[PDB]
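Note sheet for the following structure.
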Amino acid sequence: XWXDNXXXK
Amino acid sequence: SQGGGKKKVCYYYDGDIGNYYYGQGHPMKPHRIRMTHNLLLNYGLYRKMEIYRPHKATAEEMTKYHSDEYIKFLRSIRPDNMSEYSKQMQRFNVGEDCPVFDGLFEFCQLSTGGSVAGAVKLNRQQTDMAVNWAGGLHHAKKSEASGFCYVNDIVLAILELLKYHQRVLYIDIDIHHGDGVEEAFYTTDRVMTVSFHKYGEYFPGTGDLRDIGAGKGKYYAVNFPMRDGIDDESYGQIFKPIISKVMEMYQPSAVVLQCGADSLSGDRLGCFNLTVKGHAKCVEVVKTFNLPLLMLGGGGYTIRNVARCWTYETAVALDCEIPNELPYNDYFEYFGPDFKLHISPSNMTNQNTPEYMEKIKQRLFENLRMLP
Ligand code: NA
Ligand code: NA
Ligand SMILES: [Zn+2]
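Keeping their order, the protein sequence lines are chains F and A. Count the first sequence with PDB author numbering and you get residues 500 to 508, in order. Count the second sequence with PDB author numbering and you get residues 8 to 379, in order.
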């Protein structure tokens with residue numbers, strides 16, 4: 500959810 | 008009875024909810040709930056609804072869904088003893104996206120307490136609607152945290168409604184997929200979960216059109232995948248017909264509506280192009296069916312628009328028209344440079360073609376036809 504770099508997040 | 012009239016609203020808020028801090032740079036700001044509360048007070052909306060302070064939900068109330076091992080970890084973990092729980096932090100998905108902060112468990116108690124108390128107030132038929140903007144944490148799983156959510160207050164509040172309601176309807180207009188609520192009731196027909204969300208290289212990566220439930224819950228999970236930049240007109244063209252078709256086929260006796268504001272235009276994490284009026288249109292559509300309704304919060308990370316959205320949606324629930332000129336409040340500078348209640352959409356491209364919206368809706372009606 501917060502940020503990018505895989506897994507969405 | 009005919010399905011109308013002004014509804015009684017019970018509003019849940021704890022003045023300490025705005026002091027919990029996720030950490031520097033973290034987009035989840037519980038201060039937005041205090042801004043929302045202070046804004047609707049200066050609008051005078053406290054005269055039209057009953058304001059309650061929620062209790063702190065105990066670990067016993069949370070274990071009605073969550074595992075004992077996961078809840079006991081939430082009571083124990085603190086910023087001063089993270090080194091001892093470094094293994095348990097990874098097991099329960101705590102430390103990065105869902106960080107450890109001071110009063111973490113208390114924040115979960117206040118957020119959950121408002122939701123379960125609203126469900127009790129609805130079960131006892133002492134209100135028509137219950138509002139808990141601190142709730143709506145739709146990502147929390149049975150034994151792990153996710154998407155800034157630690158305890159899934161929605162699942163606990165719906166389990167409370169299932170004591171007196173045979174069928175409960177969950178609607179999720181957060182820009183992210185309501186995976187936690189959908190997973191909890193994926194194999195039962197007593198709860199139908201309807202989620203509108205962005206799909207494709209986006210958190211949490213679930214919510215495909217072809218996810219309709221399993222077992223006895225097959226065709227009782229509805230997901231509308233969307234692309235970037237959807238506006239009020241495209242969103243309103245599909246929400247009302249799909250919700251109307253769900254009410255006809257499923258016929259619930261209670262409704263839970265998660266009103267995540269991160270689907271608004273200009274959200275720090277969202278990429279939709281909705282306005283407050285387009286977002287609040289979903290509230291008054293669900294409201295027209297005159298069923299016991301629990302309104303919860305959720306996402307929303309441009310906090311000045313979050314305070315706008317949930318204040319207006321509270322007035323919509325109260326059927327009270329409030330002026331676009333924002334009254335003075337303790338956070339008046341947050342709403343510059345316009346100091347208006349309603350927002351305007353951006354010039355971003357709506358990648359949701361009208362034919363795409365019509366095709367996804369048509370395939371969802373096929374699934375709804377498989378209900379008894
Ligand atoms: Na959603
Ligand atoms: Na279900
Ligand atoms: Zn979200």
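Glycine residues also receive a C-beta, built at the ideal position from the N, C-alpha and C atoms.
- Counting along the chain, the unbroken beta strand (DSSP E) around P232 (chain A) starts and ends at 228-233.
- A residue is called buried once 16 or more other Cβ atoms fall within 10 Å of its Cβ, and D503 (chain F), having fewer, is exposed.
- Below 8 angstroms, enough C-beta pairs join the stretch 137-155 of chain A and the stretch 84-104 of chain A to call them touching: three or more.
- Contact check for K15 (chain A) and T134 (chain A): beta-carbon distance about 5 angstroms, within the 8 angstroms limit, so the pair qualifies.
- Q244 (chain A) and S202 (chain A) have their alpha carbons spaced roughly 16 angstroms apart.
- Within the DSSP bridge table, the entry for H204 (chain A) names A:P232 as partners.
- Distances taken from the Cβ of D179 (chain A) to the heavy atoms of ligand 3 include none shorter than 7 angstroms.
- Taking 8 angstroms as the CB threshold, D104 (chain A) lines the interface with chain F.
- In terms of Cα proximity to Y226 (chain A), the closest of A:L303, A:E167, A:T200, A:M233 is A:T200.
- A Cβ of chain F is located within less than 8 angstroms of the beta carbon of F210 (chain A).
- DSSP lists no bridge partner for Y20 (chain A).
- Taking the Cα of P259 (chain A) as reference, the smallest distance to any Cα among A:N331, A:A322, A:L378 is reached at A:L378.
- Ranked by how close their Cα comes to the Cα of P330 (chain A), the residues A:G30, A:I24, A:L47 have A:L47 in first place.
- Within 7 angstroms of the CB of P34 (chain A), the CB atoms of chain F belong to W501, in sequence order along the chain.
- No heavy atom of ligand 3 is found nearer than 7 angstroms to the CB of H286 (chain A).
- A check of alpha carbon separations from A164 (chain A) across A:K13, A:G214, A:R315, A:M302 identifies A:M302 as the nearest.
- Per the DSSP secondary-structure output, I58 (chain A) pairs in a beta bridge with A:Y18.
- With a threshold of 7 angstroms, the Cβ atom of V198 (chain A) counts as near ligand 2, since some heavy atom of the ligand is closer than that.
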